[PDB]
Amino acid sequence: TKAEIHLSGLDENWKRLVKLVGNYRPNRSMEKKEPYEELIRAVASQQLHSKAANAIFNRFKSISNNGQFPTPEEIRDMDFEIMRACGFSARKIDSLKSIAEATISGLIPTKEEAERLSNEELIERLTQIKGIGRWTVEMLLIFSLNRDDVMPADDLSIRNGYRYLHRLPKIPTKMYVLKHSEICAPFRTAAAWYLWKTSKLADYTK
């Protein structure tokens, strides 16, 4: 892709990381899903390591409508106890219900509608919902709406990516990631994907 080509040519560390990792093969498993579904997966993935986040999300998608993902109506109506059994905190359950209501109301738009809005508009609009921050919308931008120039600086694994990439002693700050990732445009979504891959390199040190 043009993204790997651009990223290889940045500096020595990048050219090297991109060769270590290989071709840009993004996970597109969410690209045909409705925004509320990806938003919920992002909520599940807040804070925890991926194995925990997936265990929680997989239990949730498994409690519904002929194997199908729970509809917004179902979620709004759903007993709190069974969402607590999935592993969602009290705060996160509330967020889930807010998401259900915002989807029913149209504050959270359909896929077709969301695709017309700018990154900036989605962030401002969606972070009105309690439980949804910038990072959460950025996951939506990346995993569901095919936005190619998104760097989630607040992401713990993105920062550990730069700790790796730049052979840093300690783990860098949001602002540091903000400063250094500018060179990655207009492909900072691919940059992020490479960064997220650092943790699985034989080279990786915790």
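Quick note: we count residues from 1 along the sequence shown, nothing fancier.
Asker: Per the record, averaged over C-alpha atoms, which has the higher B-factor: 15-23 or 190-198?
Answerer: Higher mean C-alpha B-factor in the PDB entry: 15-23.
Asker: Which has the higher mean CA temperature factor in the PDB entry, 134-142 or 54-62?
Answerer: Of 134-142 and 54-62, the stretch with the higher C-alpha B-factor average is 54-62.
Asker: Taking the Cα B-factors listed in the entry, which of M30, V150, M175, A44 comes out highest?
Answerer: By C-alpha B-factor in the record, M175 ranks first.
Asker: Name the third of the chain's ranked CA B-factors that contains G67, choosing lowest, middle or highest.
Answerer: CA B-factor rank for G67: highest third.
Asker: Please place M83 in the lowest, middle or highest third of its chain according to the CA B-factor in the PDB entry.
Answerer: Tercile = highest for this residue's CA B-factor.
Asker: Split the chain's modelled residues into thirds by Cα B-factor; is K111 in the lowest, middle or highest one?
Answerer: It falls in the middle third of the chain.
Asker: Mind checking which third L156 falls in for C-alpha B-factor across the chain?
Answerer: Middle third - that is where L156 ends up once the chain's C-alpha B-factors are sorted.
Asker: If you rank every modelled residue in this chain by C-alpha B factor, which third holds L165: lowest, middle or highest?
Answerer: Its C-alpha B-factor belongs to the highest third of this chain's values.
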